[PDB]
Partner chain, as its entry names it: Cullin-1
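There is one chain below, alone, in structure tokens, taken in the form solved without the partner chain.
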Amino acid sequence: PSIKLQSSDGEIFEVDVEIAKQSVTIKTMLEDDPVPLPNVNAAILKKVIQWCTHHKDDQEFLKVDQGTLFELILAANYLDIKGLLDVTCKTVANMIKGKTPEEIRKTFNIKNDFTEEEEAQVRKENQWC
């Protein structure tokens, strides 16, 4: 099997169809010139290709910027690929585990937009944990 994908960047990416069918949308249009892939660039594509070929049955694979990880989670949202989503959410979870709210604010570039009375009274009831 060999099928081509027409990416956003204009480049064509041909890959063996069967193991790549883990995305339900591409196989859907397959059994229903390449298929247009208009939402994400090539780097995510080859990332997921070498990932799916590696995973038949990726810690270091994701040691990249935050932006590209967001782009890949949104791609797997469009791709509907269980593995990419599971592993990226697992690594983000293990990233956020064991931290202070301000350590979260450092973690995900989110500014503390809570007033002081709100900051106190939120951590008086929520203490139980």
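Residue numbers count along the first chain shown, from 1. In this text, the rigid core denotes the largest set of C-alpha atoms whose superposition between the two forms falls within 1.5 Å.
Not on display, but discussed next: the form deposited with the partner chain bound.
Contact check for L62: every heavy atom lies farther than 4.5 Å from the partner chain in the entry with it bound. For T25, a non-hydrogen atom is located within 4.5 Å of the partner chain in the entry with it bound, even though that partner is not displayed. Residues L74, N77, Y78 are the members of 60-81 with a non-hydrogen atom no more than 4.5 angstroms from the partner chain in the entry with it bound. With the core fitted between this form and the one not shown, just one of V92, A43, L85, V64 shows a Cα displacement of at least 2 Å, namely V64.
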